[PDB]
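Participant: Can you look at this? It's an experimental structure, sequence on top.
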Amino acid sequence: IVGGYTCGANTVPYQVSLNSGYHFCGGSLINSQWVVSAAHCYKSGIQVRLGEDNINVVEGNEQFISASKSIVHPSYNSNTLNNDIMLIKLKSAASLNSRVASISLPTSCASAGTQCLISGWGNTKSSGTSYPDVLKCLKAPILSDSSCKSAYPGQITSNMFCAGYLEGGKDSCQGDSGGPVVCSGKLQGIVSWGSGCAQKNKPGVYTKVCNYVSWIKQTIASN
Ligand SMILES: NCc1csc2ccc(Br)cc12
Ligand SMILES: [Ca+2]
Ligand SMILES: [Cl-]
């Protein structure tokens, strides 16, 4: 996250870190057994780390649980990033408590102008590289479809939205991928892509979670 703030330990209790020897992506706990992330975060050998604040120090509220199954969306295209969503099932159920909690799925799509919270352990510089150990947060609005399209001609599908600031300075970044965009208490986006980070006229692009709720629920119901 570029231009954000330190969230505070365990104040984003649905935020998980995906670890394969090191943190490589975020995700969102949606029930005791299942995490939402980006399909471009897929790999084998994932350990899900719940209850994290400093990802390099054991602080006392973590739960580490290995994935049993990853399901990439049926229509994910890794060239266009259309349908950039996957589900990860945990080998054992998480202990839910005030610091490890699931985030509700939307019941309708959110509108442009709605405020959201974007969070992760990604790069904090727009030029340059610096990775934080504690979780960072950014409050940012969803941008209109028309400004998103004009920012990225030929690249925004109906399964994507933009959020952030056309002026630049405040955005998600490499290492935030797969993490949450929560708006009015619902998971509306997944950190997906952009062109650099926090550049003028290049806002972040996010998977549009409201399009996937019936695939998410039916997948969970049979897996
Ligand atoms: N918002 C931009 C963005 C999101 S994930 C990611 C990975 C690499 C880079 Br560079 C930018 C990004
Ligand atoms: Ca920790
Ligand atoms: Cl792309």
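Facilitator: Received, thanks. Numbers count the residues shown, from 1 in each chain. Ligands and ions are numbered 1, 2, ... in the order given.
Participant: could you show me where the helices are in this structure, in order?
Facilitator: For the chain, the helices defined by DSSP state H cover 145-151, 213-221.
Participant: Look up how far residue 219 lies from the most centrally placed residue in the chain.
Facilitator: In the chain, the C-alpha nearest the mean C-alpha coordinate belongs to residue 179, at 1.6 Å (Cα atoms, centre = their mean). Separation of residue 179 from residue 219 (Cβ to Cβ, to the nearest Å) stands at 20 Å. (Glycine included, C-beta is placed from N, CA and C.)
Participant: same deal with residue 29?
Facilitator: Separation of residue 29 from residue 219 (Cβ to Cβ): 16 Å.
Participant: If you count surrounding residues, which of those two has more?
Facilitator: residue 29 (27 against 16; other Cβ atoms under 10 Å).
Participant: Tell me which residues touch that one, please.
Facilitator: Going by Cβ atoms under 8 Å, 6 or more residues apart in numbering, residue 29 touches 13-16, 35, 50, 94, 100-103.
Participant: Try it again at 6 Å.
Facilitator: Neighbouring residues of residue 29 by Cβ atoms under 6 Å, 6 or more residues apart in numbering: 14, 16, 35, 102.
Participant: Do I have it right that the last one meets residue 27?
Facilitator: Right, the one you point to is residue 102. No: contact status for residue 102 versus residue 27: not in contact, 11.7 Å apart, counting by Cβ atoms under 6 Å.
Participant: Between these two, which is the more surrounded one?
Facilitator: Using other Cβ under 10 Å as the criterion, residue 102 and residue 27 rank with residue 27 on top: 30 against 19.
Participant: Against ligand 2, how distant is the closest residue to that one other than its chain neighbours?
Facilitator: Once flanking residues are discounted, residue 27 sits nearest to residue 37: 3.8 Å by Cβ to Cβ, 6 or more residues apart in numbering. The span separating residue 37 from ligand 2 equals 19 Å under the rule Cβ to the ion, to the nearest Å.
Participant: Distance-wise, check residue 37 relative to ligand 1.
Facilitator: 12 Å (Cβ to the nearest ligand atom, to the nearest Å).
Participant: before we move on, back to that, JSON lines for the helices of the chain, including distance to ligand 1?
Facilitator: Conversion of the helices of the chain to JSON lines gives the following (distance: least, Cβ to the nearest ligand atom, whole Å):
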{"stretch": "helix 145-151", "distance to ligand 1": "12"}
{"stretch": "helix 213-221", "distance to ligand 1": "21"}
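Participant: of the ones you listed, which approaches residue 196 most closely?
Facilitator: helix 145-151 (12.4 Å; Cβ to Cβ).
Participant: Number of residues surrounding residue 199?
Facilitator: Neighbourhood size, residue 199 [other Cβ under 10 Å]: 15.
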